[PDB]
Every structure is written in C-alpha cells, then in structure tokens.
Amino acid sequence: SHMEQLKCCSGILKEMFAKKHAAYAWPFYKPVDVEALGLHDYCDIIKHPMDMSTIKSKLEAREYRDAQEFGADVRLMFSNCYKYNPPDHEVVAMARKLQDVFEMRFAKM
Ligand SMILES: Cn1cc(-c2ccccc2Oc2ccccc2)c2cc[nH]c2c1=O
C-alpha cells in the first residue's frame, strides 16, 4: 500500500529529527545557507539542494507518490553532501552516520 508506505516514510524522518541522532543529523535539518562563509560555490556545484525540513514539507504537501520518491529525496540530500564536501570533511562523516539510520529503516519496511 502507498498510503502505509508514506506513513512509514514520515516515521523514518521523525527518527532522523529525534534527539537520539541530533549530534550528527543537525547539519541536514534546514536548507544549506548559501550566503554563509565558504558556501559561495555551493549553488555552482549543487543544482538540486535538499534537506530534512524540505522533505518534511514535501510529505505534508503530498509531493511524493510513494516510498521510492521520498527515498530519492533523502538520498539526494546525502549525495549533495558527498559531492560538495571533501571526503575528509566532518559533515561527510555525519552524513554517513545519518544515512546508516535511514538505510536500515528504509530497507526494513
Ligand atoms: C549538508 N551540509 C551542511 C553544512 C552545514 C550547515 C550548517 C551548519 C553546519 C554545517 O556543516 C558543518 C560544519 C562544521 C561542523 C559540522 C557540520 C555544510 C557546511 C559545508 N558543507 C555542508 C553540507 O554539505
């Protein structure tokens, strides 16, 4: 069922926003501030930005047909982070930690 799928998707995102994962999930909470220092080239490299607050709104506006569509946006958020940042950056390690949480939950549904 697509409706049951989307309720599980809202549940997965709720855990990603939870205090349990807050120490490594916080840079993905809100859109990347492109006006901040060191982020002047962010829009040149990242054509499709995504964050957890935009995903939360997209679920609430019913912009996802199914779990795969929600999954594609979550992975876009992680891929943007791996594409923009150097492999040794602190935020890359945090993206991997949060992706481990998402992937385990997304697979077991
Ligand atoms: C997804 N994301 C997010 C942030 C970010 C956005 C707001 C505040 C901190 C951010 O990052 C941290 C910088 C230092 C320590 C931990 C994280 C960023 C910065 C450069 N690249 C990114 C990025 O790709």
Side-chain angles (χ1 to χ4, degrees):
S1 178
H2 276 183
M3 202 190 177
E4 279 194 285
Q5 265 173 63
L6 288 156
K7 286 196 194 81
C8 187
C9 288
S10 299
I12 284 153
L13 197 67
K14 193 206 177 74
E15 192 186 337
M16 291 166 72
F17 265 124
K19 289 185 180 73
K20 186 185 184 183
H21 314 295
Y24 47 85
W26 70 271
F28 314 93
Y29 284 175
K30 295 286 173 184
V32 172
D33 185 17
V34 300
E35 290 288 290
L37 190 66
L39 282 304
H40 56 269
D41 61 336
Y42 193 79
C43 289
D44 300 347
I45 303 147
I46 304 312
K47 305 292 169 191
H48 302 279
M50 194 51 61
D51 61 284
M52 291 165 58
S53 287
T54 300
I55 298 158
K56 191 179 182 178
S57 301
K58 281 181 80 177
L59 279 159
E60 291 170 344
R62 302 171 69 186
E63 294 178 58
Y64 305 127
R65 283 155 84 201
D66 48 69
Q68 303 319 299
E69 302 210 333
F70 157 90
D73 258 19
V74 171
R75 286 180 187 135
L76 172 65
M77 179 182 74
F78 296 127
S79 299
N80 285 342
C81 181
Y82 310 138
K83 187 178 174 183
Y84 178 71
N85 303 282
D88 58 315
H89 207 289
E90 191 184 339
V91 80
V92 168
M94 293 161 99
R96 281 160 170 153
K97 279 189 184 179
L98 190 60
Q99 190 163 34
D100 288 338
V101 175
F102 164 81
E103 292 297 342
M104 293 300 290
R105 290 303 187 189
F106 194 70
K108 292 184 179 286
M109 72 165 272

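Counting starts at 1 for both ligands and their atoms, following the listed order. The chain is numbered in sequence order, starting from 1.
- Scanning the protein heavy atoms around atom 11 (O) of ligand 1, the nearest turns out to be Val91 CG2, 3.8 Å.
- A cation-pi arrangement, defined by a distance under 6.0 Å to the six-membered ring centre and an angle within 45 degrees of its axis, is present between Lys56 and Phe17.
- In terms of protein heavy-atom proximity, atom 7 (C) of ligand 1 is closest to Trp26 CZ3, 4.4 Å.
- Protein heavy atom nearest atom 15 (C) of ligand 1, with residue, atom name and distance: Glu90 OE1, 3.5 Å.
- For the residue pair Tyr24 and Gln99, no side-chain donor N or O sits within less than 3.5 Å of a side-chain acceptor on the partner.
- Ion pairing of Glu103 with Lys108 is absent here, as no side-chain N (NZ or NE/NH1/NH2) approaches a carboxylate O to less than 4.0 Å.
- For atom 20 (C) of ligand 1, the closest heavy atom belonging to the protein is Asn85 OD1, 3.4 Å.
- Taking the six-membered ring where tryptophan is involved, the planes of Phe70 and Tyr64 are perpendicular, since the angle between them exceeds 60° and thus also 30°.
- With hydrogens and angles disregarded, no donor-acceptor distance shorter than 3.5 Å links the side chain of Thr54 to the backbone of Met50.
- Here the CG-SG distance, from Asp73 to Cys9, works out to 11.0 Å after rounding to the nearest 0.5 Å.
- Defined by atom type and a distance below 3.5 Å, a donor-acceptor pair is missing between the side-chain atoms of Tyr42 and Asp33.
- Residue, atom and distance of the protein heavy atom nearest to atom 1 (C) of ligand 1 are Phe28 CE2, 3.6 Å.
- The protein non-hydrogen atom at the shortest distance from atom 5 (C) of ligand 1 is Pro27 CB, 3.9 Å.
- Summary of contacts: the protein heavy atom closest to atom 13 (C) of ligand 1 is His89 CE1, 4.4 Å.
- The closest approach between any non-hydrogen atom of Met77 and ligand 1 is not below 4.0 Å.
- Close approach to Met94 involves these atoms of ligand 1, each under 4.0 Å from a residue heavy atom: 16 (C).
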